[PDB]
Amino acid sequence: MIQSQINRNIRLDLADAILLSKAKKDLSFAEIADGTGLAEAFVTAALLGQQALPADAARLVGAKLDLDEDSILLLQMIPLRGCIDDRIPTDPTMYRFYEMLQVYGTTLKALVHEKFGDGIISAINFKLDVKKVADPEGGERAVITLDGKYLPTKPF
């Protein structure tokens, strides 16, 4: 895939159409990703404009959601990524993950440098997963796993 986007609004408009079709058909993201061979977080992100689907997966989810051919092609385009409207989310569900950075951002930096050295934990060589578990004191919890390659910053 050598084709890429420069205006996020094209794929975000498509995302809105996908969400409408998905709601009318009573489909879940887990159902849509099933059979693609790809993780639900990756497929969902592609539907929402933040990843590119391989052609086979694009045709499959296109069949499930009754998408037209321009849409199936758009899902294969490399996106102009960035899902937040204006830098800081307003939505409470999204905001909690930003607050996590406001409270723990320097702790994550400190502990990364302590355990790995100078450098970064990759957001590119990167997997994420959302797992629902029981809360042992009542209710439910989400265990969200961020799994990224350590890339060292070395002198030259």
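Note that residue numbering follows the sequence shown and begins at 1.
Compare the mean C-alpha B-factor of 62 to 70 with that of 86 to 94 as given in the PDB entry, and name the stretch with the higher value. Higher mean C-alpha B-factor: 62 to 70.
If you average the CA temperature factors over each stretch, which comes out higher, 11 to 19 or 134 to 142? According to the entry, 134 to 142 carries the higher average C-alpha B-factor.
Quick one: which of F116, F42, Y104, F29 has the biggest Cα B-factor according to the entry? Of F116, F42, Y104, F29, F116 has the highest C-alpha B-factor.
Classify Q50 as lowest, middle or highest third according to the C-alpha B-factor given in the PDB entry, relative to its own chain. Lowest third, going by the recorded CA B-factors of the chain.
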